[PDB]
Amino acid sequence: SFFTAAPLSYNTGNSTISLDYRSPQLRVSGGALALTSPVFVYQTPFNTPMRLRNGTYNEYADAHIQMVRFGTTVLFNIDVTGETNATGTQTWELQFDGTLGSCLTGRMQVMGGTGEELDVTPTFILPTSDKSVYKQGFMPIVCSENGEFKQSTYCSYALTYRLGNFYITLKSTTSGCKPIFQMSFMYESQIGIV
């Protein structure tokens, strides 16, 4: 009495309507359609940067942060706009709840493509369930101000746990300029999205 158009299908044998889906890309979890590899972005809200402090110094920066989850990888991106000219090494540190992944340093949200916040625990940014991470390195950066080149330099990144919480610690090295730069790196998360 009715027909079903692909990707819906009807089995006359058992009188059952099904959805056919490609299993490398889509799956069913708890009876509900989902993706095998959804994109989630955990970020500072739209043009709403986080206020960071250089350790105990009276030196601050605004930071826009995006943490993009692709498969089990996390692409970390930060845009730092320091307020104060400095020589030496500044420590910009981000703290995340060791269970939830929620940023404790400033406000971040899981953000869909519509621009709406998603009510999704950000555990997908945590490197491990067991707190045993090792990840560190350096990226080249270029400091500038008002469109003018200031300095070619570098910034370290390190992933650690302290007092049970997850830290991403960034250390920029400057020689008179304001620490104003963008950098990115990738790390792996062993936390699956199910």
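One-based numbering along the sequence shown.
On average the C-alpha atoms of 124-132 have higher B-factors than those of the other stretch, with 52-60 and 124-132 being the two compared. Looking at mean Cα B-factors across 176-184 and 10-18, the upper value is held by 10-18. Residue-level inspection of the entry shows that, of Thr87, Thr81, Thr105, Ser102, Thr87 has the top Cα B-factor. In this entry, the residue among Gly164, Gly137, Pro38, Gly31 with the greatest C-alpha B factor is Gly31.
Ranked by Cα temperature factor within the chain, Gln95 sits in the lowest third according to the deposited record. Annotation for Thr73: C-alpha temperature factor in the middle third relative to the rest of the modelled chain, per the entry.
For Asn47, the recorded CA B-factor ranks within the highest third of the chain. Only modelled residues enter the ranking. Among all modelled residues in this chain, the alpha-carbon of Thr153 has a temperature factor (C-alpha) in the lowest third.
Per the PDB record, residue ranking by Cα B-factor puts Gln66 in the middle third of the chain.
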